[PDB]
Each structure stands twice: as structure tokens, then as C-alpha cells.
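Shown next: input.cif, given as mmCIF, C-alpha atoms.
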data_data
#
loop_
_atom_site.label_atom_id
_atom_site.label_comp_id
_atom_site.auth_asym_id
_atom_site.auth_seq_id
_atom_site.Cartn_x
_atom_site.Cartn_y
_atom_site.Cartn_z
CA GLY A 36 8.72 59.09 31.93
CA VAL A 37 8.35 55.93 29.85
CA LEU A 38 4.97 54.99 28.35
CA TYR A 39 4.78 51.59 26.63
CA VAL A 40 1.61 50.35 24.93
CA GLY A 41 1.66 46.87 23.42
CA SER A 42 -1.44 45.56 21.64
CA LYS A 43 -1.64 42.18 19.88
CA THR A 44 -5.28 41.94 18.79
CA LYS A 45 -7.24 40.22 16.02
CA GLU A 46 -10.55 41.21 14.38
CA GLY A 47 -11.10 44.44 16.31
CA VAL A 48 -14.04 46.77 15.71
CA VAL A 49 -14.22 50.25 17.28
CA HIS A 50 -17.07 52.78 17.14
CA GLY A 51 -16.53 56.37 18.21
CA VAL A 52 -19.11 59.11 18.78
CA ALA A 53 -22.49 58.41 17.16
CA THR A 54 -25.49 60.74 17.39
CA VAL A 55 -28.92 59.89 15.98
CA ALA A 56 -31.92 62.24 16.02
CA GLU A 57 -35.26 61.96 14.25
CA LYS A 58 -38.52 63.93 14.04
CA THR A 59 -37.12 67.05 15.71
CA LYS A 60 -37.27 70.77 14.89
CA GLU A 61 -33.92 72.34 15.85
CA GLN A 62 -30.77 70.20 15.67
CA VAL A 63 -27.40 71.40 17.00
CA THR A 64 -24.38 69.07 16.93
CA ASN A 65 -21.00 70.24 18.26
CA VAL A 66 -18.49 67.38 18.50
CA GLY A 67 -14.73 67.52 18.77
CA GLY A 68 -12.20 69.12 21.09
CA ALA A 69 -9.94 66.10 21.72
CA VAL A 70 -11.84 63.20 20.16
CA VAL A 71 -9.53 60.20 19.71
CA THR A 72 -10.88 56.89 18.40
CA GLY A 73 -9.27 53.70 17.15
CA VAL A 74 -8.13 50.19 17.98
CA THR A 75 -4.93 51.51 19.57
CA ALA A 76 -5.82 55.02 20.77
CA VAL A 77 -3.29 56.88 22.93
CA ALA A 78 -3.74 60.43 24.24
CA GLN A 79 -0.99 62.06 26.31
CA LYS A 80 -0.48 65.63 27.56
CA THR A 81 -3.47 66.93 25.62
CA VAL A 82 -3.27 70.10 27.75
CA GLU A 83 0.01 71.72 28.82
CA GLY A 84 0.52 75.12 30.38
CA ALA A 85 -2.31 77.65 30.24
CA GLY A 86 -3.98 76.23 27.14
CA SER A 87 -7.66 75.42 26.82
CA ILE A 88 -10.00 73.31 24.69
CA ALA A 89 -13.62 74.48 25.04
CA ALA A 90 -16.11 72.56 22.90
CA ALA A 91 -19.15 74.56 23.98
CA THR A 92 -22.60 75.19 22.51
CA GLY A 93 -24.05 78.62 23.24
CA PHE A 94 -27.67 78.06 22.23
CA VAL A 95 -29.65 81.23 22.92
CA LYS A 96 -32.94 81.53 21.00
CA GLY B 36 10.06 61.11 27.69
CA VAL B 37 9.75 57.94 25.62
CA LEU B 38 6.39 56.93 24.11
CA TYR B 39 6.27 53.52 22.40
CA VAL B 40 3.13 52.22 20.69
CA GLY B 41 3.24 48.74 19.20
CA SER B 42 0.18 47.36 17.41
CA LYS B 43 0.04 43.97 15.66
CA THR B 44 -3.59 43.67 14.55
CA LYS B 45 -5.50 41.91 11.78
CA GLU B 46 -8.81 42.84 10.11
CA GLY B 47 -9.43 46.06 12.03
CA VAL B 48 -12.40 48.35 11.39
CA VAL B 49 -12.65 51.83 12.94
CA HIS B 50 -15.53 54.31 12.78
CA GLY B 51 -15.06 57.92 13.83
CA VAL B 52 -17.69 60.62 14.37
CA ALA B 53 -21.04 59.86 12.74
CA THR B 54 -24.08 62.14 12.93
CA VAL B 55 -27.49 61.23 11.51
CA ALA B 56 -30.53 63.52 11.52
CA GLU B 57 -33.86 63.18 9.73
CA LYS B 58 -37.14 65.10 9.49
CA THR B 59 -35.80 68.25 11.16
CA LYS B 60 -36.01 71.96 10.31
CA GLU B 61 -32.69 73.60 11.29
CA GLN B 62 -29.50 71.51 11.13
CA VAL B 63 -26.17 72.76 12.48
CA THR B 64 -23.11 70.49 12.44
CA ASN B 65 -19.76 71.71 13.78
CA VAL B 66 -17.20 68.90 14.05
CA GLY B 67 -13.44 69.10 14.35
CA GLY B 68 -10.95 70.74 16.68
CA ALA B 69 -8.65 67.77 17.33
CA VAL B 70 -10.50 64.83 15.77
CA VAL B 71 -8.13 61.86 15.35
CA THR B 72 -9.42 58.53 14.05
CA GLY B 73 -7.76 55.36 12.83
CA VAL B 74 -6.57 51.87 13.68
CA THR B 75 -3.39 53.25 15.29
CA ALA B 76 -4.35 56.75 16.47
CA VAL B 77 -1.87 58.66 18.63
CA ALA B 78 -2.38 62.21 19.91
CA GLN B 79 0.34 63.89 21.99
CA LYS B 80 0.78 67.47 23.24
CA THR B 81 -2.22 68.72 21.27
CA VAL B 82 -2.08 71.91 23.38
CA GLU B 83 1.16 73.58 24.47
CA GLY B 84 1.61 77.00 26.01
CA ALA B 85 -1.26 79.49 25.84
CA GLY B 86 -2.89 78.02 22.73
CA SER B 87 -6.55 77.15 22.40
CA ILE B 88 -8.85 74.99 20.27
CA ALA B 89 -12.48 76.10 20.59
CA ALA B 90 -14.94 74.13 18.44
CA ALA B 91 -18.01 76.10 19.50
CA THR B 92 -21.46 76.66 18.00
CA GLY B 93 -22.97 80.07 18.70
CA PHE B 94 -26.57 79.44 17.67
CA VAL B 95 -28.60 82.59 18.34
CA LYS B 96 -31.89 82.82 16.40
CA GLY C 36 11.39 63.13 23.51
CA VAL C 37 11.14 59.92 21.47
CA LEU C 38 7.81 58.85 19.96
CA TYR C 39 7.75 55.42 18.29
CA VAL C 40 4.63 54.05 16.58
CA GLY C 41 4.81 50.55 15.13
CA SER C 42 1.77 49.10 13.34
CA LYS C 43 1.70 45.69 11.64
CA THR C 44 -1.91 45.32 10.51
CA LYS C 45 -3.79 43.49 7.75
CA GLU C 46 -7.10 44.35 6.05
CA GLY C 47 -7.78 47.59 7.92
CA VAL C 48 -10.78 49.82 7.24
CA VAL C 49 -11.09 53.31 8.74
CA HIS C 50 -14.01 55.75 8.53
CA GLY C 51 -13.60 59.38 9.54
CA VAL C 52 -16.27 62.05 10.03
CA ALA C 53 -19.60 61.21 8.38
CA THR C 54 -22.68 63.45 8.53
CA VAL C 55 -26.07 62.47 7.10
CA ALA C 56 -29.13 64.72 7.06
CA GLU C 57 -32.45 64.30 5.26
CA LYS C 58 -35.76 66.17 4.98
CA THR C 59 -34.48 69.36 6.61
CA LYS C 60 -34.74 73.06 5.72
CA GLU C 61 -31.44 74.75 6.69
CA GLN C 62 -28.23 72.71 6.58
CA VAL C 63 -24.92 74.03 7.94
CA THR C 64 -21.82 71.80 7.93
CA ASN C 65 -18.50 73.10 9.29
CA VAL C 66 -15.91 70.33 9.61
CA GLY C 67 -12.15 70.59 9.92
CA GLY C 68 -9.70 72.30 12.24
CA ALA C 69 -7.36 69.37 12.95
CA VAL C 70 -9.15 66.38 11.42
CA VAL C 71 -6.74 63.45 11.05
CA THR C 72 -7.97 60.08 9.78
CA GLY C 73 -6.25 56.91 8.62
CA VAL C 74 -5.01 53.46 9.51
CA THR C 75 -1.87 54.91 11.13
CA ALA C 76 -2.89 58.41 12.25
CA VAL C 77 -0.44 60.38 14.41
CA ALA C 78 -1.02 63.94 15.64
CA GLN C 79 1.66 65.69 17.71
CA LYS C 80 2.04 69.29 18.91
CA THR C 81 -0.97 70.47 16.91
CA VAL C 82 -0.89 73.68 18.98
CA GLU C 83 2.32 75.42 20.07
CA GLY C 84 2.71 78.87 21.57
CA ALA C 85 -0.19 81.30 21.35
CA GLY C 86 -1.78 79.77 18.26
CA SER C 87 -5.43 78.84 17.91
CA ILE C 88 -7.68 76.62 15.79
CA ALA C 89 -11.33 77.69 16.08
CA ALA C 90 -13.75 75.65 13.94
CA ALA C 91 -16.85 77.58 14.95
CA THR C 92 -20.30 78.07 13.43
CA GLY C 93 -21.87 81.47 14.08
CA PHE C 94 -25.46 80.78 13.03
CA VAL C 95 -27.54 83.90 13.65
CA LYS C 96 -30.82 84.05 11.69
CA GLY D 36 -29.77 11.04 -6.58
CA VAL D 37 -28.94 14.61 -5.57
CA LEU D 38 -25.84 15.36 -3.47
CA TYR D 39 -25.45 18.96 -2.28
CA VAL D 40 -22.44 20.11 -0.25
CA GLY D 41 -22.37 23.71 0.93
CA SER D 42 -19.38 24.98 2.91
CA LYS D 43 -18.95 28.59 4.09
CA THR D 44 -15.76 28.49 6.16
CA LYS D 45 -12.99 30.91 7.12
CA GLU D 46 -9.34 30.24 8.01
CA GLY D 47 -9.40 26.47 7.52
CA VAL D 48 -6.34 24.25 7.92
CA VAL D 49 -6.36 20.58 6.85
CA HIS D 50 -3.63 17.96 7.30
CA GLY D 51 -3.78 14.66 5.44
CA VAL D 52 -1.65 11.55 5.93
CA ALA D 53 1.59 12.17 7.84
CA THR D 54 4.14 9.46 8.68
CA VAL D 55 7.23 10.07 10.80
CA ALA D 56 9.90 7.46 11.54
CA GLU D 57 13.33 7.85 13.12
CA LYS D 58 16.25 5.60 14.11
CA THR D 59 14.98 2.55 12.23
CA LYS D 60 16.61 0.05 9.86
CA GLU D 61 14.06 -0.89 7.17
CA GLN D 62 11.44 1.67 6.15
CA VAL D 63 8.52 0.82 3.85
CA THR D 64 5.87 3.44 3.06
CA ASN D 65 2.94 2.61 0.76
CA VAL D 66 0.29 5.34 0.77
CA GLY D 67 -2.47 6.01 -1.72
CA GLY D 68 -5.36 4.08 -3.21
CA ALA D 69 -8.13 6.66 -2.76
CA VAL D 70 -6.53 9.36 -0.60
CA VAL D 71 -8.62 12.54 -0.71
CA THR D 72 -7.68 15.55 1.42
CA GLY D 73 -8.80 19.17 1.52
CA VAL D 74 -11.06 21.75 3.10
CA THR D 75 -14.01 20.60 0.96
CA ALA D 76 -13.27 16.94 0.18
CA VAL D 77 -15.98 14.88 -1.53
CA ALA D 78 -15.61 11.24 -2.59
CA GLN D 79 -18.48 9.47 -4.36
CA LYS D 80 -18.74 6.08 -6.09
CA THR D 81 -15.02 5.41 -5.73
CA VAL D 82 -15.75 1.76 -6.62
CA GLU D 83 -18.32 0.69 -9.22
CA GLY D 84 -18.83 -2.74 -10.72
CA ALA D 85 -16.11 -5.35 -10.28
CA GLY D 86 -13.24 -2.89 -9.84
CA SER D 87 -10.69 -2.99 -7.05
CA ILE D 88 -8.19 -0.71 -5.31
CA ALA D 89 -5.62 -2.72 -3.35
CA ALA D 90 -2.95 -0.62 -1.62
CA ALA D 91 -1.05 -3.57 -0.16
CA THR D 92 2.49 -4.09 1.13
CA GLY D 93 3.92 -7.56 0.54
CA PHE D 94 6.95 -7.44 2.81
CA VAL D 95 8.69 -10.82 2.72
CA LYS D 96 12.34 -10.79 3.86
CA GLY E 36 -27.33 12.17 -10.66
CA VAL E 37 -26.57 15.76 -9.67
CA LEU E 38 -23.49 16.58 -7.56
CA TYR E 39 -23.17 20.19 -6.39
CA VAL E 40 -20.18 21.40 -4.35
CA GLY E 41 -20.19 25.02 -3.20
CA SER E 42 -17.22 26.35 -1.21
CA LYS E 43 -16.86 29.97 -0.06
CA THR E 44 -13.68 29.94 2.03
CA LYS E 45 -10.96 32.41 2.99
CA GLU E 46 -7.30 31.81 3.91
CA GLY E 47 -7.30 28.04 3.45
CA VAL E 48 -4.21 25.86 3.88
CA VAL E 49 -4.16 22.19 2.84
CA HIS E 50 -1.40 19.62 3.33
CA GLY E 51 -1.47 16.30 1.49
CA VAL E 52 0.70 13.22 2.02
CA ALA E 53 3.92 13.91 3.93
CA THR E 54 6.50 11.25 4.81
CA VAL E 55 9.58 11.93 6.95
CA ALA E 56 12.28 9.37 7.72
CA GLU E 57 15.69 9.82 9.31
CA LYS E 58 18.64 7.64 10.35
CA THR E 59 17.43 4.55 8.48
CA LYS E 60 19.12 2.06 6.14
CA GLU E 61 16.60 1.05 3.44
CA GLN E 62 13.94 3.57 2.38
CA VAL E 63 11.06 2.65 0.07
CA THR E 64 8.37 5.22 -0.75
CA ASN E 65 5.47 4.32 -3.06
CA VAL E 66 2.77 7.02 -3.09
CA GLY E 67 0.02 7.62 -5.61
CA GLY E 68 -2.83 5.63 -7.10
CA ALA E 69 -5.65 8.17 -6.68
CA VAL E 70 -4.11 10.91 -4.53
CA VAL E 71 -6.25 14.06 -4.68
CA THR E 72 -5.37 17.10 -2.56
CA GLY E 73 -6.54 20.69 -2.50
CA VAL E 74 -8.86 23.25 -0.95
CA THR E 75 -11.77 22.04 -3.10
CA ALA E 76 -10.97 18.38 -3.84
CA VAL E 77 -13.64 16.27 -5.56
CA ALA E 78 -13.20 12.63 -6.58
CA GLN E 79 -16.03 10.80 -8.36
CA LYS E 80 -16.23 7.39 -10.07
CA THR E 81 -12.50 6.79 -9.68
CA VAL E 82 -13.16 3.12 -10.54
CA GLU E 83 -15.70 1.99 -13.15
CA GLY E 84 -16.14 -1.46 -14.63
CA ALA E 85 -13.38 -4.03 -14.16
CA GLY E 86 -10.56 -1.51 -13.72
CA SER E 87 -8.03 -1.55 -10.91
CA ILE E 88 -5.58 0.79 -9.18
CA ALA E 89 -2.98 -1.17 -7.18
CA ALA E 90 -0.36 0.98 -5.45
CA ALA E 91 1.58 -1.92 -3.96
CA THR E 92 5.13 -2.37 -2.65
CA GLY E 93 6.61 -5.82 -3.20
CA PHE E 94 9.63 -5.64 -0.91
CA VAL E 95 11.42 -9.00 -0.97
CA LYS E 96 15.06 -8.89 0.19
CA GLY F 36 -24.87 13.29 -14.71
CA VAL F 37 -24.17 16.90 -13.74
CA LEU F 38 -21.13 17.78 -11.61
CA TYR F 39 -20.87 21.40 -10.46
CA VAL F 40 -17.92 22.68 -8.41
CA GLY F 41 -17.99 26.30 -7.29
CA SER F 42 -15.06 27.69 -5.29
CA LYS F 43 -14.76 31.32 -4.16
CA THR F 44 -11.59 31.36 -2.05
CA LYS F 45 -8.92 33.89 -1.09
CA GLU F 46 -5.26 33.35 -0.14
CA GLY F 47 -5.20 29.57 -0.58
CA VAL F 48 -2.07 27.46 -0.12
CA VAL F 49 -1.95 23.78 -1.13
CA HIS F 50 0.85 21.25 -0.61
CA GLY F 51 0.84 17.93 -2.43
CA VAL F 52 3.06 14.89 -1.87
CA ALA F 53 6.26 15.64 0.07
CA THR F 54 8.87 13.03 0.98
CA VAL F 55 11.93 13.77 3.13
CA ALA F 56 14.67 11.26 3.94
CA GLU F 57 18.06 11.78 5.55
CA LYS F 58 21.04 9.65 6.61
CA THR F 59 19.89 6.53 4.76
CA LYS F 60 21.64 4.06 2.44
CA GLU F 61 19.15 2.99 -0.26
CA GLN F 62 16.46 5.46 -1.36
CA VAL F 63 13.60 4.47 -3.68
CA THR F 64 10.87 7.00 -4.54
CA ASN F 65 8.00 6.03 -6.86
CA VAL F 66 5.26 8.68 -6.92
CA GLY F 67 2.52 9.23 -9.45
CA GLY F 68 -0.29 7.18 -10.95
CA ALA F 69 -3.15 9.67 -10.56
CA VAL F 70 -1.67 12.45 -8.42
CA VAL F 71 -3.86 15.56 -8.60
CA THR F 72 -3.04 18.63 -6.51
CA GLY F 73 -4.28 22.21 -6.47
CA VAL F 74 -6.65 24.73 -4.95
CA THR F 75 -9.53 23.46 -7.11
CA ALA F 76 -8.66 19.82 -7.83
CA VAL F 77 -11.28 17.65 -9.55
CA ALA F 78 -10.78 14.00 -10.55
CA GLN F 79 -13.57 12.12 -12.33
CA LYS F 80 -13.69 8.70 -14.02
CA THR F 81 -9.96 8.16 -13.60
CA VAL F 82 -10.56 4.48 -14.44
CA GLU F 83 -13.06 3.29 -17.06
CA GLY F 84 -13.43 -0.18 -18.52
CA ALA F 85 -10.64 -2.70 -18.01
CA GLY F 86 -7.86 -0.14 -17.57
CA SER F 87 -5.34 -0.11 -14.75
CA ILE F 88 -2.94 2.28 -13.01
CA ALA F 89 -0.32 0.37 -10.99
CA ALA F 90 2.25 2.58 -9.26
CA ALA F 91 4.23 -0.28 -7.74
CA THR F 92 7.77 -0.66 -6.40
CA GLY F 93 9.31 -4.09 -6.92
CA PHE F 94 12.32 -3.85 -4.61
CA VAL F 95 14.16 -7.17 -4.64
CA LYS F 96 17.79 -7.00 -3.45
#

What would you get if you wrote out this structure as C-alpha cells?
Amino acid sequence: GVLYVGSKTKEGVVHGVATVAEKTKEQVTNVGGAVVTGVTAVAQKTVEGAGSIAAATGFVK
Amino acid sequence: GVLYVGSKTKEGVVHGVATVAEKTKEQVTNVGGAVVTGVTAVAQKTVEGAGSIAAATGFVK
Amino acid sequence: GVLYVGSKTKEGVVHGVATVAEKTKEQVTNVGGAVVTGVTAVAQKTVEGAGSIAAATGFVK
Amino acid sequence: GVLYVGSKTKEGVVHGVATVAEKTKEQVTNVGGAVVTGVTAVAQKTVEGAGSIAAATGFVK
Amino acid sequence: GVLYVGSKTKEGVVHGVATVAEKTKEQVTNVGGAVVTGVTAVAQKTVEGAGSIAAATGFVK
Amino acid sequence: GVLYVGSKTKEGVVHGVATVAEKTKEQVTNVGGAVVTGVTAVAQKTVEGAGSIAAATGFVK
């Protein structure tokens, strides 16, 4: 197919994934997998076939 | 296929993944996998076939 | 296929992965895998075949 | 006295005196005297005492 | 007295005196006297005492 | 007195006196006297006492 993205912007501000924690005991932060951030962000066919992206957190204690 | 991305921007500011923790005891930070950040960020076919990207955190204690 | 990325920007500022911790006891920071950051960031076919990128943190204690 | 001018501007465009004539026979253009133009234009005490500024056009024919 | 001019600008464009004529017969252009042009233009005490600035055009024919 | 001019600019463009004529017969251009042009243009006490600046055009024919 044909995918066309045309952006004509001015003074653009983008914030992605932000995590804030305070006055805790145990902190676990697992971020990623397919994180895409930006003024012109394009994600296509991130998974094809039998692939896998598993951003998991196996907390046990 | 055909993928066309056209960006004509001015004064662009992009923030990616930001983690802030304070006054904790145990800190675990696992970030990555397929992190893409920027004014013109393009991600295509990040997974093909039987591949895998597993950004996991196996906290046990 | 054909992938075309055209960026015409001015005064662009990009921040990637930022981690801040304070007043903790145990600090673990595992960042990477496929981190791509920049004004014009392009990631394509980061995984092909049976490959793998596992940015994991096996905290045990 | 005290004269304070404080300007904090961004992307400022100023046009002064513009004259356009077309398909005429006799053209007379007398411009000046105390012309002040600009983003931060200040004019003070342009005339003091018995002075004079006479931007005149004595067309006779 | 005290004259304070404070300008904090960005991307400033200033045009002064512009004259355009076309398809005429007689063209007379007298410009000046006290022309001041610019992003930060300040004119003070341009005339003191018995002085004079006469930007005149004595067309007779 | 005290005259303070403070300019903090970026990417400044200034145009002064521009004259354009086309398809005419007689062209007379007299420009000057006290022409001041520029990003930071300051003119002070251009006339003191019994002085004079006469940018005149005595066209007769």
C-alpha cells in the first residue's frame, strides 16, 4: 500500500512516557517494547509473522 | 509498499522516556527494547519473522 | 519497498531517556537494546529472522 | 523626566512609508523630515526652541 | 532626563521608506532629512536651537 | 542627560531607503541629509545651534 504523512507544524512540543514516584519503598520501572515519541511519529508493521514484544514485569517477592 | 513522511516544522522540542524517583529503598530501571525518540521518528518492521524483543524485569527478592 | 523521510526543521531540541533517582539504597539501571534518539531518528527492520534483543534486569537479592 | 520603554517581542515585522504609483505622467515624491521606523521606535524632543522641519513640495507648473 | 530603551526581540524584520513608480514620464525622488530606520531606532533632540531641516522639492516646469 | 539603548536581538534584517522606477523619461534621485539605517540605529542632536541640513531638489525644466 501507500502511506503518506504530511505535517506542516510550528512550535511543537511533545512529551513521551513520564513516571514520577516519591516516598516509596520498592520501585520497579520497566518501560520500552515499541515506544515511539516525537512531533512526527510513525509506526508501521511493528509485528510481522510469529514475532513477539513482551515488556513484562515479573515481580515476585 | 511506499512510505512517505514529510515534516516541515520550526522550533520543535521532544522529550522521550523520563523516570524520577525519590526517597525510596530499592530502585530498578529497565528501559529500552525499541525506544525511538525525536522530532521525526519513524519505526517500521521492528519485528520480522520469529524474532522477539523482551524488555522484562524479573524482580524476585 | 520505498521509505522516504523528509524533514525541514529549525531550532529542534530532542531529549532521549533520562532517569533520576535520589535518596535510595540500591540503584540498578539497565538501558539500551535498540535506543534511537535524535531530530531525524529512523529505525527499520531492527529484528529480522530468529534474532532477539533482550534488555532484561534479573534482580534477585 | 524619566522615559522607560521596555519591549519583549518575538517575530516582529514593521513596514514604514510605502508609495506606489503606476501609469502616471508627472511623479513627485518628497518623504522625510522626521521619519522614524522600526520595531522599537522612540522619538523625543524632535523640535526644541525656534527650530523647524518643513518637508514641503512646491509644485508650480 | 533619563531615557532607557530595552529591546529583547527575535527574528525582527524592518522596512524603511520604499517608493515604486512605473510607466511615468518625469520622476522626482527627494528622501532624507532625518530618516531613521532599524529594529531599535531612537531619535532624540533632532532639532535644537534655531536649526532647520528642510527636505523640499521645488518642482517648477 | 543619560540615554541608554539595550538591544538583545537574533536574526534581524533591516532595509533602508529603496527607490524603484521603470519606463520613465527623466529620473532625479536625491537621497541623504541624515539617513541612518541599521539594526541598532541611534540618532541624537543631529541639529544644534543655527545649523541646517537641506536635502532639496530644485527641478526647473

query = If the PyMOL selection byres ((chain D and resi 68) around 12) is run on the structure shown, which residues does it catch, given as a PyMOL selection string?
reply = (chain D and resi 65-67+69-71+81-82+87-91) or (chain E and resi 65-71+81-82+87-91) or (chain F and resi 67-70+88-91)

key: Residues matched by the PyMOL selection byres ((chain F and resi 39) around 7) as a VMD selection string   = (chain E and resid 38 to 40) or (chain F and resid 37 to 38 40 to 41)

request  = Please write as a PyMOL selection string the full residue list that the PyMOL selection byres ((chain F and resi 79) around 9) yields on this file.
outcome  = (chain E and resi 77-81) or (chain F and resi 77-78+80-82)

ask   = What lies within 8 Å of residue 73 in chain D using all atoms listed in the file, ignoring chain neighbours under 3 positions off, as a PyMOL selection string?
value = (chain D and resi 49-51+76) or (chain E and resi 49-51+72-76)

Take the residues from that selection and put them in a file with C-alpha atoms, as a short mmCIF file (atom, residue, chain, number, x, y, z; two decimals), in the frame of the given file.
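New file selection_12.cif:
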data_model
loop_
_atom_site.label_atom_id
_atom_site.label_comp_id
_atom_site.auth_asym_id
_atom_site.auth_seq_id
_atom_site.Cartn_x
_atom_site.Cartn_y
_atom_site.Cartn_z
CA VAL D 49 -6.36 20.58 6.85
CA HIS D 50 -3.63 17.96 7.30
CA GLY D 51 -3.78 14.66 5.44
CA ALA D 76 -13.27 16.94 0.18
CA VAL E 49 -4.16 22.19 2.84
CA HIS E 50 -1.40 19.62 3.33
CA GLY E 51 -1.47 16.30 1.49
CA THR E 72 -5.37 17.10 -2.56
CA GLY E 73 -6.54 20.69 -2.50
CA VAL E 74 -8.86 23.25 -0.95
CA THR E 75 -11.77 22.04 -3.10
CA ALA E 76 -10.97 18.38 -3.84
#

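Residues with any atom within 12 Å of residue 57 in chain B, counting only C-alpha atoms and excluding same-chain neighbours fewer than 6 positions away, are residues 54, 55, 56, 57, 58, 59, 60, 61 and 62 of chain A; 54, 55, 56, 57, 58, 59, 60 and 62 of chain C.
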
Least-squares superpose chain D on chain B across all ordered C-alpha pairs, then write out what you get as a PDB file with C-alpha atoms, in the frame of the given file.
ATOM      1  CA  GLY D  36      10.059  61.110  27.696  1.00  0.00           C
ATOM      2  CA  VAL D  37       9.750  57.940  25.621  1.00  0.00           C
ATOM      3  CA  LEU D  38       6.392  56.932  24.108  1.00  0.00           C
ATOM      4  CA  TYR D  39       6.275  53.526  22.401  1.00  0.00           C
ATOM      5  CA  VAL D  40       3.132  52.221  20.692  1.00  0.00           C
ATOM      6  CA  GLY D  41       3.243  48.742  19.196  1.00  0.00           C
ATOM      7  CA  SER D  42       0.179  47.366  17.410  1.00  0.00           C
ATOM      8  CA  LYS D  43       0.043  43.968  15.665  1.00  0.00           C
ATOM      9  CA  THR D  44      -3.582  43.668  14.552  1.00  0.00           C
ATOM     10  CA  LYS D  45      -5.505  41.911  11.783  1.00  0.00           C
ATOM     11  CA  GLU D  46      -8.808  42.841  10.113  1.00  0.00           C
ATOM     12  CA  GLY D  47      -9.434  46.066  12.027  1.00  0.00           C
ATOM     13  CA  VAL D  48     -12.410  48.345  11.389  1.00  0.00           C
ATOM     14  CA  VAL D  49     -12.648  51.829  12.943  1.00  0.00           C
ATOM     15  CA  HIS D  50     -15.534  54.312  12.775  1.00  0.00           C
ATOM     16  CA  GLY D  51     -15.054  57.921  13.832  1.00  0.00           C
ATOM     17  CA  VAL D  52     -17.681  60.617  14.364  1.00  0.00           C
ATOM     18  CA  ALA D  53     -21.043  59.854  12.738  1.00  0.00           C
ATOM     19  CA  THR D  54     -24.090  62.142  12.930  1.00  0.00           C
ATOM     20  CA  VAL D  55     -27.492  61.230  11.512  1.00  0.00           C
ATOM     21  CA  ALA D  56     -30.528  63.526  11.518  1.00  0.00           C
ATOM     22  CA  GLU D  57     -33.861  63.177   9.735  1.00  0.00           C
ATOM     23  CA  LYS D  58     -37.143  65.111   9.490  1.00  0.00           C
ATOM     24  CA  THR D  59     -35.808  68.256  11.155  1.00  0.00           C
ATOM     25  CA  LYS D  60     -36.008  71.968  10.316  1.00  0.00           C
ATOM     26  CA  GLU D  61     -32.685  73.596  11.280  1.00  0.00           C
ATOM     27  CA  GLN D  62     -29.509  71.511  11.134  1.00  0.00           C
ATOM     28  CA  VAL D  63     -26.168  72.755  12.485  1.00  0.00           C
ATOM     29  CA  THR D  64     -23.109  70.485  12.435  1.00  0.00           C
ATOM     30  CA  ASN D  65     -19.756  71.711  13.782  1.00  0.00           C
ATOM     31  CA  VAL D  66     -17.205  68.901  14.054  1.00  0.00           C
ATOM     32  CA  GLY D  67     -13.445  69.099  14.355  1.00  0.00           C
ATOM     33  CA  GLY D  68     -10.953  70.741  16.678  1.00  0.00           C
ATOM     34  CA  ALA D  69      -8.654  67.770  17.325  1.00  0.00           C
ATOM     35  CA  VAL D  70     -10.498  64.823  15.766  1.00  0.00           C
ATOM     36  CA  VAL D  71      -8.135  61.867  15.350  1.00  0.00           C
ATOM     37  CA  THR D  72      -9.420  58.529  14.050  1.00  0.00           C
ATOM     38  CA  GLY D  73      -7.754  55.349  12.832  1.00  0.00           C
ATOM     39  CA  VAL D  74      -6.567  51.865  13.675  1.00  0.00           C
ATOM     40  CA  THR D  75      -3.391  53.247  15.291  1.00  0.00           C
ATOM     41  CA  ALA D  76      -4.348  56.749  16.463  1.00  0.00           C
ATOM     42  CA  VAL D  77      -1.868  58.662  18.631  1.00  0.00           C
ATOM     43  CA  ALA D  78      -2.375  62.215  19.909  1.00  0.00           C
ATOM     44  CA  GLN D  79       0.333  63.894  21.994  1.00  0.00           C
ATOM     45  CA  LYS D  80       0.778  67.473  23.238  1.00  0.00           C
ATOM     46  CA  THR D  81      -2.218  68.721  21.267  1.00  0.00           C
ATOM     47  CA  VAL D  82      -2.080  71.911  23.376  1.00  0.00           C
ATOM     48  CA  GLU D  83       1.162  73.585  24.470  1.00  0.00           C
ATOM     49  CA  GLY D  84       1.615  77.003  26.015  1.00  0.00           C
ATOM     50  CA  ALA D  85      -1.255  79.481  25.844  1.00  0.00           C
ATOM     51  CA  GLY D  86      -2.888  78.013  22.736  1.00  0.00           C
ATOM     52  CA  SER D  87      -6.553  77.145  22.401  1.00  0.00           C
ATOM     53  CA  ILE D  88      -8.850  74.990  20.267  1.00  0.00           C
ATOM     54  CA  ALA D  89     -12.477  76.098  20.589  1.00  0.00           C
ATOM     55  CA  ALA D  90     -14.932  74.132  18.436  1.00  0.00           C
ATOM     56  CA  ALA D  91     -18.008  76.096  19.498  1.00  0.00           C
ATOM     57  CA  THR D  92     -21.463  76.654  18.010  1.00  0.00           C
ATOM     58  CA  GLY D  93     -22.975  80.070  18.700  1.00  0.00           C
ATOM     59  CA  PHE D  94     -26.566  79.444  17.669  1.00  0.00           C
ATOM     60  CA  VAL D  95     -28.604  82.583  18.338  1.00  0.00           C
ATOM     61  CA  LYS D  96     -31.890  82.822  16.396  1.00  0.00           C
TER      62      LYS D  96
END

request  = In Å, rounded to a single decimal, give me how far CA of residue 46 in chain C is from CA of residue 44 in chain F.
outcome  = 16.0 Å

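Across the structure, CA of residue 64 in chain C and CA of residue 53 in chain A are spaced 16.3 Å apart.
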
Write out as AutoDock Vina command-line options an axis-aligned box for range 68-80 of chain E: all of its atoms listed in the file, 4 Å added on each side, centre and edge lengths in Å with one decimal.
--center_x -9.5 --center_y 14.4 --center_z -5.5 --size_x 21.4 --size_y 25.6 --size_z 17.1

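Across the structure, CA of residue 92 in chain A and CA of residue 84 in chain C are spaced 25.6 Å apart.
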